[PDB]
């Protein structure tokens, strides 16, 4: 079996090598928009991969580097007009209204965390609590199926070797924080599948 064709792509440039990433934007449009818009805006520039669970996941995307920060682009009803990407009437619960925060999960039957090199959206451990943080798998992680949106994968080529080396980093004792974290320098958009 094969995943559906990804429709977007970026290169994440870091202090510890490049990672070329394909995005399942057809299947996960809100999640891919959030990631790409933040990328374009420079929101992830200088952010680190602050959390490493060896053999499982490595996580970043937090401008505070704590694991507890970051915001989605949708917060406060941004992009909630009738002709916008996520109209207000589609938002439920705490995602809704002028004080709304976070955005919905986007699960898909052909997107499963079955191997390393898959890009997922981190959340708060409850439904529809996606902000700005994202992670890559470092091994099979099917326990994340129907818990985290899966929105991309490492692209063909040799950059997967960088991800796997990041997964072997030394940790600060008593933490999941690498002693020498990977830092994003910039994100280069190769193919943006969303309309102007």
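Positions refer to the first chain, counted from 1.
Visitor: Tell me which stretch has the larger mean Cα B-factor in this entry, 164-172 or 136-144.
Guide: So the stretch with the higher mean C-alpha B-factor is 164-172.
Visitor: If you average the CA temperature factors over each stretch, which comes out higher, 149-157 or 48-56?
Guide: Here the higher of the two C-alpha B-factor means belongs to 48-56.
Visitor: Going by the deposited entry, which of 106, 124, 82, 75 has the highest CA temperature factor?
Guide: So the option with the highest C-alpha B-factor is 82.
Visitor: Using the B-factors in the PDB entry, rank residue 65's C-alpha atom against the chain and give the third, lowest, middle or highest.
Guide: For residue 65, whose C-alpha B-factor we compare with every modelled residue in the chain, the answer is the highest third.
Visitor: By the record's CA B-factor, is residue 188 among the lowest, middle or highest third of residues in the chain?
Guide: It falls in the top third of the chain.
Visitor: Going by the entry, which third of its chain does the Cα temperature factor of residue 177 land in?
Guide: Highest third of the chain for residue 177's C-alpha B-factor.
Visitor: Consider only the C-alpha atoms of the modelled residues in this chain, order them by B-factor as the entry records it, and name the third containing residue 117: lowest, middle or highest.
Guide: Lowest third of the chain for residue 117's C-alpha B-factor.
Visitor: Where does the C-alpha B-factor of residue 88 rank in its chain, lowest, middle or highest third?
Guide: According to the entry, residue 88 has a C-alpha B-factor in the chain's middle third.
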